[PDB]
$ cat run.cif   # mmCIF, C-alpha atoms
data_entry
#
loop_
_atom_site.group_PDB
_atom_site.id
_atom_site.type_symbol
_atom_site.label_atom_id
_atom_site.label_comp_id
_atom_site.auth_asym_id
_atom_site.auth_seq_id
_atom_site.Cartn_x
_atom_site.Cartn_y
_atom_site.Cartn_z
ATOM 1 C CA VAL A 1 106.882 126.270 122.891
ATOM 2 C CA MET A 2 107.081 123.236 125.157
ATOM 3 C CA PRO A 3 110.279 121.306 124.179
ATOM 4 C CA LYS A 4 108.217 118.158 124.519
ATOM 5 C CA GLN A 5 105.155 119.478 122.729
ATOM 6 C CA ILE A 6 107.038 120.649 119.678
ATOM 7 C CA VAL A 7 109.160 117.510 119.696
ATOM 8 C CA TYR A 8 105.982 115.512 120.060
ATOM 9 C CA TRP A 9 104.723 117.475 117.122
ATOM 10 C CA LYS A 10 108.007 117.222 115.396
ATOM 11 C CA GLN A 11 108.250 113.509 116.151
ATOM 12 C CA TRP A 12 104.717 113.261 114.849
ATOM 13 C CA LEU A 13 104.914 115.287 111.634
ATOM 14 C CA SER A 14 108.514 114.317 110.958
ATOM 15 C CA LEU A 15 107.963 110.595 111.046
ATOM 16 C CA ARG A 16 104.279 110.321 110.251
ATOM 17 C CA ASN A 17 105.163 112.443 107.262
ATOM 18 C CA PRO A 18 107.566 110.228 105.263
ATOM 19 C CA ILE A 19 105.498 107.385 106.620
ATOM 20 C CA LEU A 20 102.372 108.683 104.920
ATOM 21 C CA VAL A 21 104.362 109.045 101.793
ATOM 22 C CA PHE A 22 105.722 105.597 102.295
ATOM 23 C CA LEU A 23 102.054 104.618 102.540
ATOM 24 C CA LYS A 24 101.325 106.657 99.514
ATOM 25 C CA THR A 25 104.033 105.055 97.465
ATOM 26 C CA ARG A 26 103.242 101.561 98.685
ATOM 27 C CA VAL A 27 99.670 102.288 97.693
ATOM 28 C CA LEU A 28 101.034 103.792 94.496
ATOM 29 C CA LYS A 29 103.152 100.842 93.552
ATOM 30 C CA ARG A 30 100.189 98.820 94.617
ATOM 31 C CA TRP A 31 98.124 101.060 92.458
ATOM 32 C CA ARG A 32 100.549 100.433 89.643
ATOM 33 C CA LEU A 33 100.271 96.800 90.482
ATOM 34 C CA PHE A 34 96.591 97.164 90.861
ATOM 35 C CA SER A 35 96.640 98.914 87.558
ATOM 36 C CA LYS A 36 99.030 96.510 85.830
ATOM 37 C CA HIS A 37 96.858 93.590 86.859
ATOM 38 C CA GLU A 38 93.488 94.894 85.701
#

$ encode --input "run.cif" --output "structure tokens"
Amino acid sequence: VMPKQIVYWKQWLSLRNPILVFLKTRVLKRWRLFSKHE
């Protein structure tokens, strides 16, 4: 594949990935927080 298209991919699913998680966790801890507040 195109070194720049797979890297683009790669640099899109590699970063965006943990970043989604990071969003997931932030939203989780926020959820906890949102749940601990009630």

$ atom_distance --input "run.cif" --atom1 "atom CA of residue 14 of chain A" --atom2 "atom CA of residue 1 of chain A"
17.0 Å

$ atom_distance --input "run.cif" --atom1 "atom CA of residue 12 of chain A" --atom2 "atom CA of residue 33 of chain A"
29.7 Å

$ axis_aligned_box --input "run.cif" --around "segment 13-17 of chain A" --padding-each-side "8 Å" --output "lines of an AutoDock Vina configuration file"
center_x = 106.4
center_y = 112.8
center_z = 109.4
size_x = 20.2
size_y = 21.0
size_z = 20.4

$ atom_distance --input "run.cif" --atom1 "atom CA of residue 34 of chain A" --atom2 "atom CA of residue 19 of chain A"
20.8 Å
